[PDB]
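Chains as they are written, first to last, in the entry's author numbering: chain D, 206 to 254; chain B, 10 to 400; chain A, 59 to 205.
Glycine included, every Cβ here is placed at the ideal spot set by N, Cα and C.
Below you'll find the structure, written out as structure tokens, and then a few comments.
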Amino acid sequence: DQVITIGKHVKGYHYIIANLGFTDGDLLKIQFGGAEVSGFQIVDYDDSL
Amino acid sequence: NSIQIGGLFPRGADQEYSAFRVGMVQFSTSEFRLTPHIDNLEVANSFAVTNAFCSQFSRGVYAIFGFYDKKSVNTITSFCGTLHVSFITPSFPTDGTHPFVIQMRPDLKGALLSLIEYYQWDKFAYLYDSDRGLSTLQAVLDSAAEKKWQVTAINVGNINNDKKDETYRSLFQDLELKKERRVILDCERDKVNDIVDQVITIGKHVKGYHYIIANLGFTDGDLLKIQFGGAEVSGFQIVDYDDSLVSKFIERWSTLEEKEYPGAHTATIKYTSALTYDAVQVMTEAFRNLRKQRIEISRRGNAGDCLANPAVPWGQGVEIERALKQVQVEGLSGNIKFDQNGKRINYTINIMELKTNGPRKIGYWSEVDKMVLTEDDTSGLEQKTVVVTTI
Amino acid sequence: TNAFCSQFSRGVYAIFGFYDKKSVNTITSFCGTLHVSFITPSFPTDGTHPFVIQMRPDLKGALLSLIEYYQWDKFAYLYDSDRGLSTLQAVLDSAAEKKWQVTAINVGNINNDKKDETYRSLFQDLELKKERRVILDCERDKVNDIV
Numbered sequence: 206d207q208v209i210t211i212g213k214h215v216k217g218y219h220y221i222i223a224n225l226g227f228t229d230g231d232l233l234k235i236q237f238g239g240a241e242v243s244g245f246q247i248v249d250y251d252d253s254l
Numbered sequence: 010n011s012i013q014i015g016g017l018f019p020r021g022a023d024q025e026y027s028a029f030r031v032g033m034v035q036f037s038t039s040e041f042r043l044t045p046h047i048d049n050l051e052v053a054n055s056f057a058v059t060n061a062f063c064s065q066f067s068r069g070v071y072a073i074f075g076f077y078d079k080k081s082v083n084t085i086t087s088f089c090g091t092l093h094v095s096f097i098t099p100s101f102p103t104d105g106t107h108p109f110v111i112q113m114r115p116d117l118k119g120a121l122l123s124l125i126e127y128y129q130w131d132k133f134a135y136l137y138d139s140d141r142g143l144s145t146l147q148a149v150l151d152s153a154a155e156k157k158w159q160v161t162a163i164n165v166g167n168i169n170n171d172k173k174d175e176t177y178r179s180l181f182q183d184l185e186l187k188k189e190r191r192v193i194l195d196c197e198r199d200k201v202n203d204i205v206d207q208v209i210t211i212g213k214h215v216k217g218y219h220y221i222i223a224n225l226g227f228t229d230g231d232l233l234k235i236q237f238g239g240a241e242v243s244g245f246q247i248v249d250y251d252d253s254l255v256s257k258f259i260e261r262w263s264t265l266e267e268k269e270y271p272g273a274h275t276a277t278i279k280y281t282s283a284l285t286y287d288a289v290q291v292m293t294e295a296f297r298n299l300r301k302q303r304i305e306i307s308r309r310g311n312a313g314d315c316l317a318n319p320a321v322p323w324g325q326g327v328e329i330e331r332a333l334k335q336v337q338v339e340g341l342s343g344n345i346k347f348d349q350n351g352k353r354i355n356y357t358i359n360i361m362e363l364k365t366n367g368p369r370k371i372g373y374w375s376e377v378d379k380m381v382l383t384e385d386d387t388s389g390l391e392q393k394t395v396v397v398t399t400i
Numbered sequence: 059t060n061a062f063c064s065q066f067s068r069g070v071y072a073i074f075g076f077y078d079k080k081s082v083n084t085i086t087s088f089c090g091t092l093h094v095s096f097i098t099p100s101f102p103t104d105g106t107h108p109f110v111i112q113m114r115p116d117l118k119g120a121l122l123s124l125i126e127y128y129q130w131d132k133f134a135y136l137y138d139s140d141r142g143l144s145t146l147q148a149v150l151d152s153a154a155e156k157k158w159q160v161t162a163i164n165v166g167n168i169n170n171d172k173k174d175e176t177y178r179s180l181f182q183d184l185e186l187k188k189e190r191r192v193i194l195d196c197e198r199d200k201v202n203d204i205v
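Here you go:
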């Protein structure tokens, strides 16, 4: 929220949310703008189990 | 005797109806009582405005306060031009010379034409909502020719509330192509918070962009969100809180409970509501001038019907409109003075600017002078060009 | 408003008639409520309105397609106010997508005694750019004044 409110989610910045729950927080807010985030996921929803 | 008036209020103008009844209880005098008959409707329905204005014209009123839209300004300025009933309103100033309509919301046309000169803009977008005339857009395309401007206007008020996020993200990507680093947002509050949410969510509030929220209520929406980042917004303010008449009001306004005055327990008033307090000051001064110079008037025995065949004039309305135009009160907006048409003359509109500390007034605009800089020759009296001791 | 109620009081089945840019909200709100299905040759309304039947078809689709036909990117647009600004909103939104250089000018607020003075001030501002493609969106009496 703070790198949005100061406007550091434009192109050029790059992030890594080094959690195992990349899609557990609100990444819809930073989803546009140009800041290429990355992450790590253990619960892959493309599975039968 | 008490004085019967009419109130045309929307179903959703909460703070304005509070600031109507605040001016009712404060400006009241034992000589005469400005007792209203309040009707609620939407101003997007000419069927409703007609059925209300005829019901008020039937129920013996001597003036009517109310709001209007694009959808009802022509219902009003034909009715009050016809039945000679004067009308006092805070809505957008009509494009014409209409009789029996008193505009409390001044103008920003030459003021917005003044500000663009002050930044020396030449190439800039212009997002507009329909919502109130289009008379700003016509004025800034008239002047865009002879001042060498490249306006890219976009109608933005057609957007429904479910395809909101998709279109604005589609919208600024177009202006991103043309390297549009300047916008104007000729909107109202409920839209200009949505557009500053979307230029945040796509990250166009960095350094380089420049904005103008061309409302008279610059500090009525949430500018805390865009307050950082580098996008130097600007605006226009009529309710300058650095004043004695305002700060005394903000005392008793902030103390009102939001049960008998809903949306009043706050420290900032909307400029729609602030003029609603200002307009009751205007009637009560003019209706005092009615009984002062011995112009004592009766309504009728029946007041007829609005759709009479023919619907007749009444000469005592000629006195009331002329009384409402001679008003020299001082209100929340400042100097309330009208010309012979009901529009504001000799008024002051404060050019703001948003800085990291907050809203920071760096000028004012008046009808007579110009866009006038108030003080601060240089930001902290700096820059002093230099003295070069050369040969 | 007054003549609408007299015909509803006389019991009409439907109403033919004209409206302007001013009385358009007066008609379309009445017939949308009282179901007095309104037939008109006046200009089509901005949006959807029930019980209004609009015999003047449109102009926007052909006025855009004619512009792309002549390969246009730089031109003027002289408009009157009286039919609304529905057409002006169309070619100004499309100027964003297609990189046109519209130079729209309001001209319909000019009265008879200030015609020749301001019309010279009108076409002077064209010579600041030397624009030679003009769209004269007016009506018959006004387009004769321009031609």
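Residues of chain B with CB under 8 Å from D:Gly238, in chain order? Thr210, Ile211, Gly212
Hey, how far is the Cα of A:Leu186 from the Cα of D:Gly230? Taking C-alpha positions only, A:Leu186 is separated from D:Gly230 by approximately 56 Å.
Tell me which same chain residues have a C-beta within less than 7 Å of the C-beta of B:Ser81, skipping the five on either side of it? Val52, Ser55, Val58
Distance between B:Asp206 and B:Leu233 (C-alpha atoms, nearest Å): Rounded to whole angstroms, B:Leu233 to B:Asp206 spans 11 Å at the Cα level.
What is the DSSP secondary structure of B:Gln207, counted as helix, strand or coil? Residue state, collapsed to three classes: helix.
Using the beta-carbon count (16 or more within 10 Å), is B:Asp287 buried or exposed? buried
Tell me the rounded alpha-carbon separation between A:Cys63 and B:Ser87. 16 Å
Can you give, in chain order, each stretch of the beta strand (DSSP E) that sits fully within the stretch 143-184 of chain A and has at least 3 residues? 159-164
6 Å Cβ shell around B:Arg308 - same chain, five flanking residues per side excluded: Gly69
Extract the residue ranges of the alpha helix (DSSP H) inside the stretch 41-77 of chain B, only unbroken runs of 4 or more that lie entirely within it. 55-67
Which residues in the same chain as D:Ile211 place their Cβ atom closer than 6 Å to its Cβ, once the five residues preceding and following it in sequence are excluded? none
Where DSSP assigns a beta bridge to A:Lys79, which residues make up the other side? Partner(s): none; A:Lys79 has no beta bridge.
Any Cβ of chain A within less than 8 Å of the Cβ of B:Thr59? yes
Partners in chain D for B:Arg178, counting only beta-carbon separations shorter than 8 Å: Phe237
Identify, in the order they occur along the chain, each residue of the same chain with its Cβ nearer than 7 Å to the Cβ of A:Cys89, setting aside the five sequence neighbours on each side. So the list reads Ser95, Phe96, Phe109, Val110, once near-sequence residues are dropped.
D:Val248 CB to nearest chain B CB: under 8 Å? no
8 Å Cβ cutoff, D:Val215 in contact with chain B: yes
Alpha carbon to alpha carbon, how far is B:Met292 from B:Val242? Give it in angstroms, no decimals. 37 Å
Could you have a look at B:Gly238 and say whether DSSP puts it in helix, strand or coil? Under the three-state reduction of DSSP, B:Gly238 is assigned to coil, being neither helix nor strand.
D:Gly244, enclosing beta strand (DSSP E) - first and last residue: Unbroken run through D:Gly244: none, as it is neither H nor E.
In terms of alpha-carbon separation, which member of B:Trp130, B:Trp262, B:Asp78, B:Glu339 lies closest to B:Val289? B:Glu339
Please report the distance separating the alpha-carbon of B:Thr44 from that of B:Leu17. 14 Å
Would you mind telling me which residues of chain A sit closer than 9 Å to B:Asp183, beta carbon to beta carbon, in chain order? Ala154, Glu155
Compare the C-beta of A:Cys196 with all C-beta atoms of chain B and state if any pair is closer than 8 Å. No, A:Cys196 does not count as interfacial toward chain B.
Quick check on the DSSP output: the beta strand (DSSP E) that includes A:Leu136 runs from which residue to which? Counted as a single uninterrupted DSSP element, the beta strand (DSSP E) harbouring A:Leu136 occupies residues 132-137.
B:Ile358 versus B:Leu284: straight-line alpha-carbon distance, rounded: 14 Å
Have a look at B:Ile360, B:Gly272, B:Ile235 and flag the residue whose alpha-carbon is nearest the alpha-carbon of B:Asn366. B:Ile235
Beta carbons nearer than 7 Å to chain A: which residues of the stretch 129-163 of chain B have them? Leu143, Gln147, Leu150, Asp151, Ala154, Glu155, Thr161, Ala162, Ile163
B:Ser307 touches chain A at which residues, Cβ-Cβ below 7 Å? Simply none; closest approach about 26 Å.
Can you give me, in chain order, the residues of the stretch 79-95 of chain A that have a beta carbon less than 9 Å from any beta carbon in chain B? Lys79, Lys80, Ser81, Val82, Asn83, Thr84, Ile85, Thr86, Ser87, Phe88, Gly90, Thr91, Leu92
Using only CA atoms, which one of B:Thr398, B:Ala61, B:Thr281 lies nearest to B:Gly15? B:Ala61
Chain D partners of B:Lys234, CB-CB under 8 Å? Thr210
Determine whether the Cβ of A:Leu186 lies closer than 8 Å to any Cβ atom of chain B. yes
What is the residue span of the beta strand (DSSP E) that B:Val377 lies within? Per DSSP, B:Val377 belongs to no beta strand (DSSP E) and is neither H nor E.
To the nearest angstrom, report how far apart B:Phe237 and B:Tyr127 are at their CA atoms. A straight line joining the alpha-carbon of B:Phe237 with that of B:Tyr127 spans about 23 Å.
For B:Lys352, does the count of other Cβ atoms within 10 angstroms reach 16, so buried, or fall short, so exposed? Taking all protein chains in view, the Cβ of B:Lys352 is crowded by 16 or more other Cβ atoms within 10 Å, so the residue is classified as buried.
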